[PDB]
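Q: Counting in PDB author numbering, the sequence shown runs from 30 upward without gaps.
Let me give you the structure first, and then I'll get to my questions.
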Amino acid sequence: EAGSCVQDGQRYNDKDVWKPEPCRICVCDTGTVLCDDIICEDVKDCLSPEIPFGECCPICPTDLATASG
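In structure tokens, the structure reads:
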């Protein structure tokens with residue numbers, strides 16, 4: 030279609046937004062694929078870090094007694 034992109038053998042409709050990997054986000058902009066990578070800023074050393082399925086960055090679970098901000 031008009032304005033569609035081609036990347037790694039796939040065709041994406043103009044304006045599609047997708048993540049080929051959890052830390053990469055892409056947009057098809059009038060035939061040109063624009064992708065940014067995601068960098069995690071880990072503000073604290075965590076004793077139980079978890080990376081939810083399909084996500085790039087960790088969560089550091091806290092109980093209600095300590096949760097704030």
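Cβ coordinates follow ideal geometry from the N, Cα and C atoms, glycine included.
(1) On the DSSP letters alone, give me the boundaries of the beta strand (DSSP E) that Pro78 sits inside.
(2) Using C-beta distances below 6 Å, list every residue in its chain close to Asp45, excluding the 5 sequence neighbours before and after it, in chain order.
(3) Check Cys57 in the structure and name its three-state DSSP category.
(4) Just how far apart, CA to CA, sit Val62 and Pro51?
(5) Use the C-beta contact count for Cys89: other C-beta atoms within 10 angstroms, 16 or more gives buried, fewer gives exposed.
A: Quick answer:
(1) Here residue 78 corresponds to residue number 49 of the sequence shown, with the count starting at 1. Here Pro78 belongs to no beta strand (DSSP E), and DSSP marks it neither H nor E.
(2) Residue 45 sits at position 16 when you count from the first residue of the sequence shown. Same-chain partners within the cutoff: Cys57.
(3) Taking the sequence shown and counting its residues from 1, the one referred to as residue 57 is at position 28. Three-state DSSP puts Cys57 in a strand.
(4) One-based indexing of the sequence shown puts residue 62 at position 33. One-based indexing of the sequence shown puts residue 51 at position 22. In a straight line, the C-alpha of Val62 is about 17 Å away from that of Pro51.
(5) Counted from its first residue, the sequence shown places residue 89 at position 60. Exposed.
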